[PDB]
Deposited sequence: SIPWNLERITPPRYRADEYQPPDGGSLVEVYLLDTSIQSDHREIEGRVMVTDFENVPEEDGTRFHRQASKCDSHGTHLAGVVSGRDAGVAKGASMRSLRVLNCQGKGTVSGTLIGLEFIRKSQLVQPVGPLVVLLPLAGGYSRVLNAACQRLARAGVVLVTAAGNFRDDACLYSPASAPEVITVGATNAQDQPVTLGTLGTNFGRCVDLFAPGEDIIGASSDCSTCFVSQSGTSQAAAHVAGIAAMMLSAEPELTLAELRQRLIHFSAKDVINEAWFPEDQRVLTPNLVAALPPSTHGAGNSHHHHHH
């Protein structure tokens, strides 16, 4: 049997030509699911708090992207930057310093196509959107979470940046994910949806432990994996061509738009990401 989400995106250990940068919490890089596939950079810029719990979020997402048993792009390599503290909180300034670190690292030692996964959100930020726009215009692909606020993604960053691929979350019924009284964001700033409910992935509680997690971070990690597979098969794709491929291979009109507020139905793309055949 296979996790529902991996079956959903399947219409080979792919994505080997791409490096995926992850800006998140600390990661248990020795977990059997991701050991040897995640390179922990010396980067750390986190605010003071208000090890197993500290690395929960990032370890799970690294597993979603490249994990041996439950990853999307099992051939992709990852590089992690710590911008979120033990409580999952970071700053816009720390995230800016991290994005700049990625660009500097690329200029010093260029490799293949880069995908940057931003599984975080804050309020609309002119500076964070501008830094994302500059990095995308430099040729780097950025994928971010739409946000878990059951709200218009245009009010959050980096979700609101048009040059970033912004991902909402859907469940096994292809419906928008509910997360307590909130749930996935929606609206015109969301590019597409992807599996983000009960996603089996690496658990930092033990070297071989697995846990199911839900959220737009998990949905964005699926899209970063799909992008790594698409770019590894067609490395010359521009960002515009990659976005066109993601839309082309997505499942269309399967989301029941009634879950979204009335005015957001026409503005929200009815697309669920999938791998090409």
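Novice: Wait, which stretches of the deposited chain are just not there in the structure?
Specialist: No C-alpha for residues 12 to 21, 61 to 67, 295 to 308.
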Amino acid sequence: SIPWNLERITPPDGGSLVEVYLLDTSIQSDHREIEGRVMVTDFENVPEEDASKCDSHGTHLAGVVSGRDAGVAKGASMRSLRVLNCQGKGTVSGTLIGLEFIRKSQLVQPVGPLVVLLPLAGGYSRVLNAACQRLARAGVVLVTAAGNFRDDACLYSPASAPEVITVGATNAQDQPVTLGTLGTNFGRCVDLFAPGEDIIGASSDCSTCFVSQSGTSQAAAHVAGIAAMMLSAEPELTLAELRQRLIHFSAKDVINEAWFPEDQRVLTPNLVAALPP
From here on, numbers count along this sequence of modelled residues.
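Rigid core here is just the name for the largest C-alpha set that superposes within 1.5 Å across the two forms.
Novice: Aligning on the core, I want to see which stretch wanders more in 5 other deposited structures of this protein. Is it 241 to 249 or 54 to 62 by C-alpha RMS?
Specialist: Comparing 241 to 249 with 54 to 62, the larger C-alpha deviation in 5 other deposited structures of this protein belongs to 241 to 249.
Novice: Please establish whether a third or more of the other compared PDB entries omit coordinates for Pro12.
Specialist: It is, since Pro12 is left out of at least a third of the other entries that model both flanking stretches.
Novice: Got a sec? Mean C-alpha B-factor, which is higher, 91 to 99 or 71 to 79?
Specialist: The stretch with the larger mean CA B-factor is 71 to 79.
Novice: Of 182 to 190 and 199 to 207, which one has the bigger average CA B-factor?
Specialist: The stretch with the larger average C-alpha B-factor is 199 to 207.
Novice: Sorting by Cα B-factor within the chain, modelled residues only, which third would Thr216 end up in: lowest, middle or highest?
Specialist: Lowest third - that is where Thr216 ends up once the chain's C-alpha B-factors are sorted.
Novice: State the tercile, meaning the lowest, middle or highest third, of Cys86 with respect to the CA B-factors recorded for its chain.
Specialist: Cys86: CA B-factor falls in the highest third of its chain.
Novice: Report the third (lowest, middle or highest) to which the CA temperature factor of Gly147 belongs, ranking only the modelled residues of the same chain.
Specialist: Lowest third, going by the recorded CA B-factors of the chain.
Novice: Within this chain, which third does the Cα B-factor at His222 fall in: lowest, middle or highest?
Specialist: CA B-factor rank for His222: lowest third.
Novice: Comparing against every modelled residue in the chain, figure out the third that the C-alpha B-factor of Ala233 lands in (lowest, middle or highest).
Specialist: Middle third.
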